[PDB]
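A single chain comes next, written as structure tokens; it is the form deposited in one PDB entry.
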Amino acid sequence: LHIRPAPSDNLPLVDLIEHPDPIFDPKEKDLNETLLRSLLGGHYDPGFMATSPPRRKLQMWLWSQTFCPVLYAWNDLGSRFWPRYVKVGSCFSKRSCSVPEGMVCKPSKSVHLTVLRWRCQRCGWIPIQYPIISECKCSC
């Protein structure tokens, strides 16, 4: 039952907290991009990653995809992630997407990317799922 907290499918993702420390941080030797790129391999998505810093339900869908497009902005994830830079998506909650004005653009469908994570107790890289946005819904 209530053994532990319950997660949430809300996006985008709140920045993960981290107190850095050359110990909770990789150490160069274990940073060989050649060997890193191989450990990720097919999971590397160049369209969203960078080594260095750069019935009627159909009508709702076609509509939202027109007025609620996903906006992407490169985001730095820190040193404990590889790749270090990930293009993150967000919805355009500026002007109202409906008529009469009232609704706004909200995420409706996510997509899981796989990237490397540096974890310690001793220490090493591991793969994790990083969710990003692929569709925005015009909801309220």
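Numbering starts at 1 and runs along the sequence shown. Throughout, rigid core stands for the largest set of C-alpha atoms superposing within 1.5 Å between the two forms. Only residues modelled in both forms are compared.
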Legend entry - Unmodelled stretch of the deposited sequence separating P54 from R55, binned as none, 1 to 3, 4 to 9 or 10 or more: 10 or more
Inset, instruction - Can you let me know which of the two, 89 to 97 or 106 to 114, has the higher average C-alpha B-factor in the entry? - result: 89 to 97
Legend entry - Selected stretch [higher average CA B-factor]: 26 to 34 or 80 to 88: 26 to 34
Legend entry - Within-chain third of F48 by Cα B-factor, per the entry: lowest
Inset, instruction - Classify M60 as lowest, middle or highest third according to the C-alpha B-factor given in the PDB entry, relative to its own chain. - result: highest
Inset, instruction - For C138, return the chain-relative third of its C-alpha B-factor as stated in the PDB record: lowest, middle or highest. - result: middle
Inset, instruction - Just say lowest, middle or highest third for the CA B-factor of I17 relative to the other modelled residues in its chain. - result: highest
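Just so it is clear, the following notes concern the form deposited in another entry, a form of the same protein that is not shown.
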Legend entry - Rigid-core fit between this form and the one not shown, the member of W63, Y72, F92, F48 whose C-alpha shifts 2 angstroms or more: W63
Legend entry - Did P22 shift 2 Å or more between this form and the one not shown, C-alpha, core superposed: yes
Inset, instruction - Please say whether the CA atoms of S96 and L62 come closer or move farther apart in that other deposited form, knowing the change relative to this form is 3 Å or more. - result: closer
Inset, instruction - Kindly indicate if, in that other deposited form, the C-alpha atoms of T66 and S98 are closer or farther apart than in the structure shown, bearing in mind the change is 3 Å or more. - result: closer
Inset, instruction - Fit on the rigid core and then flag the segments of at least 3 consecutive residues whose Cα positions all differ by 2 Å or more between this form and the one not shown. - result: 20 to 22, 55 to 67
